[PDB]
Amino acid sequence: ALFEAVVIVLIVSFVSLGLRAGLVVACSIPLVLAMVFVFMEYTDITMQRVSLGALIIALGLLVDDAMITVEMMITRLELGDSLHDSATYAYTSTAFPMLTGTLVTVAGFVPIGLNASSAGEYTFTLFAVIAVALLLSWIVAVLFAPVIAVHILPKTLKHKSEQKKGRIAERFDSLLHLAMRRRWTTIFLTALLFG
Amino acid sequence: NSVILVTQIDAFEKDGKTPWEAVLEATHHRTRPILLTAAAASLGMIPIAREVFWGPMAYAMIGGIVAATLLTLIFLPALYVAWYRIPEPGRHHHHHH
Amino acid sequence: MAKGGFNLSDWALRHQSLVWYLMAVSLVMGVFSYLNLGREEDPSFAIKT
Amino acid sequence: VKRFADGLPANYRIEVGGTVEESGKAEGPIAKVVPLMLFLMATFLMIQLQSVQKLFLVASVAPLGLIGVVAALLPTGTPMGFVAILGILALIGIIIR
Ligand SMILES: CCCCCCCCCCCCO[C@H]1O[C@H](CO)[C@@H](O[C@H]2O[C@H](CO)[C@@H](O)[C@H](O)[C@H]2O)[C@H](O)[C@H]1O
């Protein structure tokens, strides 16, 4: 099942960028896996189902952050100059947000890792897994994306969007305009739905 | 995700551009990434969904993720622009900005 | 808030071989450690009785 | 003696009772611990340097130092001391320095 989840995320990144761009990010994913493995080794946290599920969750989140970083990099470099420095500003800008969101998520995970109940045992493993994985993931994303880009990435191009998603964009922009046409209606709908 | 969006919005708004067009460009710029974010979030749990252990939690996760994302796409824009066009609350303090 | 720092990009771009070696050593370390990790059904919660 | 032992029913067994057992037990974790620290100090060196070429260059001097450790030991006929088995590592460190 682990390999299955890995390959589905793989095809996700494949169809996302089309080109073999996010594929290098996928190649970078196993790194954090080995790191958390050695971490468990030092902490003797052996393997079991629970930890595997935690691994799946953590891998999804970390690959999400890494992929969005790579996407914004390639987009900002494609729409403009083709240079590592033509992306250093993107790094300097969107760096802090990644850290913030990641830490916020680890905080949201924390609760399950504090109960003294008999159930807290199974939760302790997944908590440690998620925490270490997410942190090492952020450091990897901010410390490896440069070389991986400077060596396995083409130059810039001209703006263009996949026409298949064109109809989806039409519907999205239209619904956006309509939602702006009557803001109070959206609030009413949200209220009734939540209630 | 919500933090990412608000940061992207107020990011270029520092230039004092048209709030309408500002939020418009913010959405047009964050449309593609948030999609992949929601994908990676919801997915991953699919192959293990067959496992009876991680059962209801998997469905609840994949459901709430899609819901929260859709609203992150439509709800917050209208809400923020509404709160912007006019301050609904009051309670003004004479000794504070 | 981007005050007196932001050297992440440049320093990352620089010291290329350093990051390269760090990545390599980390990878091999995790690889070798994987075999000696340990597999078990599920954590043994402390029974109280 | 091993062959002699082999020439006997399987239900029986022979073992040593000297000091080799204790020596091996003591040096047990050594083998399973020292290489990790070796890679640790290697990376430590790579911090000050920036090329694997210079790394291997200075590393070549490390093993070659085993010349004197034995040249000044064979004529005296002094047995290999455990303390030396330890100090040789310090020798490696200083020569690399
Ligand atoms: C006088 C006051 C002190 C009295 C004696 C205290 C001596 C030093 C403190 C003992 C703490 C034990 O900690 C020690 O455990 C293991 C020893 O096998 C070491 O090694 C451990 O970690 C390594 C990296 O994760 C793994 O490769 C090893 O398999 C693992 O055993 C630890 O890196 C070390 O931290």
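Residues numbered from 1 in each chain as written, not as in the entry; some residues may be left out. Chains lettered and ligands numbered in written order. Part of a larger assembly, values for the part shown. Heavy atoms only, no water.

Method of structure determination, per the deposited record: cryo-EM was used for this entry, reaching 4.5 Å resolution.

### Focus: the site of the ligand
Spelled out, the test is: Proximity is defined per residue: any heavy atom of the residue falling within 4 Å of a molecule or strand makes that residue near it. Counted as a polar contact is a pair of N or O atoms within 3.5 Å, where, for protein atoms, one must be capable of donating a hydrogen and the other of accepting one, and residues adjacent in sequence contribute only when both atoms are in side chains. Reported accessibility uses the Shrake-Rupley method at a 1.4 Å probe radius. Residues are deemed covered only where the shown protein chains occlude them.
The immediate surroundings of the ligand are formed by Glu41 and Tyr42 of chain A together with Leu36 of chain D. This site is not confined to one chain, since residues near the ligand come from chains A and D. In this structure, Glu41 of chain A approaches the ligand through a side-chain N or O atom, which is 2.8 Å from an oxygen atom. Calculation on the ligand without its partners gives an accessible area of 780 Å², and the protein chains cover 20% of this total.

### Notes on the packing of aromatic side chains
As a reminder of what qualifies: Each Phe, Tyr or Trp ring (for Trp, its six-membered ring) is paired with any other whose centre lies within 6.5 Å, and the angle between the two planes then decides the class: stacked below 30 degrees, edge-to-face above 60, tilted in between. Only protein chains enter the accessibility calculation, which uses a 1.4 Å probe; a residue whose area is less than 20% of its type maximum is buried, one above 50% is exposed, and one in between is partly exposed. Charges are assigned to positions over rings by a cutoff of 6 Å between ring centre and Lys NZ or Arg CZ, combined with an angular limit of 35 degrees from the ring normal.
All chains considered together, the criterion is met by four aromatic pairs over all chains. Each ring, one from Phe53 of chain B and one from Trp54 of chain B, has its centre 5.0 Å from the other, and the planes form 85 degrees; the classification is edge-to-face. Since its relative accessible area comes to 40%, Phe53 of chain B is described here as partly exposed. A relative accessible area of 13% means that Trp54 of chain B is categorised as buried. Across from the ring centre of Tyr34 of chain C, 5.1 Å away, lies the NZ or CZ of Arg39 of chain C, which sits over that ring.

### Description of the pattern of salt bridges
Quick reminder of the rule: For this analysis, a salt bridge means a side-chain nitrogen from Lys or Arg found within 4 Å of a carboxyl oxygen belonging to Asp or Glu. Put simply, DSSP H or I for four residues or longer makes a helix, DSSP E for two residues or longer makes a strand, and each gets a number counted from the N terminus.
Summed over all chains, the structure comprises three salt bridges over all chains. A salt bridge links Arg32 of chain B to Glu162 of chain A, with the nearest nitrogen and oxygen atoms 3.2 Å apart. With one member in each of two chains, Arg32 of chain B in helix α2 (residues 19–42) and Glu162 of chain A in the loop between α5 (120–152) and α6 (166–181) form a pair that bridges those chains. Residue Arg32 of chain B is classed as partly exposed on the basis of its relative accessible area of 31%. Given the relative accessible area of 43%, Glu162 of chain A is considered partly exposed. We note a salt bridge from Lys2 of chain D to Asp6 of chain D, for which the minimum N-O separation is 3.4 Å. Pair noted here: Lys2 of chain D and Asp6 of chain D are both in helix α1 (residues 2–6), with a separation of four residues, about one helical turn. When its relative accessible area of 60% is taken as the criterion, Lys2 of chain D is described as exposed.

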